[PDB]
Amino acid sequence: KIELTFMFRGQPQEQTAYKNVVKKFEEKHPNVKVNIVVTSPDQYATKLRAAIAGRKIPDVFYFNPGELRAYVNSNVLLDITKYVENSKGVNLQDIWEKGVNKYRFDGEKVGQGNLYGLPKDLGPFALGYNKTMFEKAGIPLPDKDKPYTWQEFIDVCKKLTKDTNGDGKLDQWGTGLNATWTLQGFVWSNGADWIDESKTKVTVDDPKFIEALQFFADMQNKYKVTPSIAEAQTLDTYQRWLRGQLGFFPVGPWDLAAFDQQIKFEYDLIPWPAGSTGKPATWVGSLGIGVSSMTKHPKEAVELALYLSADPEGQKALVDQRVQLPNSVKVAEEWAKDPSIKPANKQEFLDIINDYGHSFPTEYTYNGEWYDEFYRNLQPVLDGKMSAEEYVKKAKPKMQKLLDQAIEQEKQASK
């Protein structure tokens, strides 16, 4: 009788996994049929934005935590608090508090108050290294607790950069980090950030930010511990990591399934190299599972969100399928201690969540346009055509204008 539209995004292993778990949901609730709208991670924001613009909102949908307040003011997200409290068995007090709290809003500040969504996951972005490669090269393994310094990291990367098949051409490299997803840690580790403590002032022209940005680009251009610009163009560094060509690459729990399938070398997790603070940094992502404020079936919609987010059986199926770590803290802890589930240092994911992971800057602002502008024109720095110093001076006023507008519009839209 009842039909739900569930809209989400995922890499192909993620799509497959959630589609399976939705079938499990439907077997459990035979009167609820779930129509799926799924996209690649890159297509999602535009599609969700179109749906919201036309006020044709999916019953259940993935959404960015940074848009919680905007969604609440625009009446996009149903207040699901009472459905979640009335639900049989579930106790989201078991769920990561940092995850649950991202989708609470008391009318004024995020983090407390009524539920406008449930955490899909927490997504600590760990650093992986190719253990097979280290061992074939006789290089001492990275320490599982003590971060490399930046200097040490380049030193090891250089050792790993070599022509291994002896044809005269480099065919193996220290790393090849994607600035979109790996610049944060270097910036943060160096005691910088995109914006100030108040989250209202762009601070990318901070010397510490610049040093981190230049350091990042220099991996490719100056230190040359990555494939060349042309080589990464031919085959991107994620793919080259999969094929065993790179010493170092990040690992999210959502990668685990794809890696199970494609990676044949032994790899493990370590802290990110630490800058001037000496403490490692990286991000802990999250997605919200929200229900349309206008859904015709709030109870069943929340039931699907709950099943994906907090239900032991639903959660178990997702963890089994290697697309996330458990949302239940105690389950995650026993998960991490299980030696038969690789990577050996799974615990690093948890350590990121508890000790040294941060939020994306955009989680603190009303929208993320100011931040998207930073990355929109970053590539010339990344390719050594423009210095980090010259770009951030150019970008800052553009970013700041956009931040100001997001601040103004949060004033307006919440009146």
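When you see a residue number, it is the position in the sequence shown, counting from 1.
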Next on the checklist: Quick check: 97 to 105 versus 152 to 160, which has the larger average CA B-factor in the record?
Outcome noted: 97 to 105
Checklist entry - Which of the two stretches, 106 to 114 or 317 to 325, shows the higher mean Cα temperature factor in the record? => result 106 to 114
Item to check | Which of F216, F249, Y83, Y267 ranks first by CA B-factor in the deposited coordinates | outcome: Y83
Checklist entry - Which one, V331, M133, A258, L122, has the peak C-alpha temperature factor per the PDB entry? => result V331
Checklist outcome for this item: On the chain's distribution of Cα B-factors, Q379 falls within the third called lowest
Item to check | Ranked against its chain, the third holding the CA B-factor of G166 | outcome: highest
Next on the checklist: Ranking every modelled residue in this chain by its Cα temperature factor as given in the entry, which third contains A301?
Outcome noted: highest
Checklist entry - Should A51 be placed in the lowest, middle or highest third of its chain by the C-alpha B factor in the entry? => result lowest
Checklist outcome for this item: Here the Cα B-factor of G368, set against its chain, lands in the third termed lowest
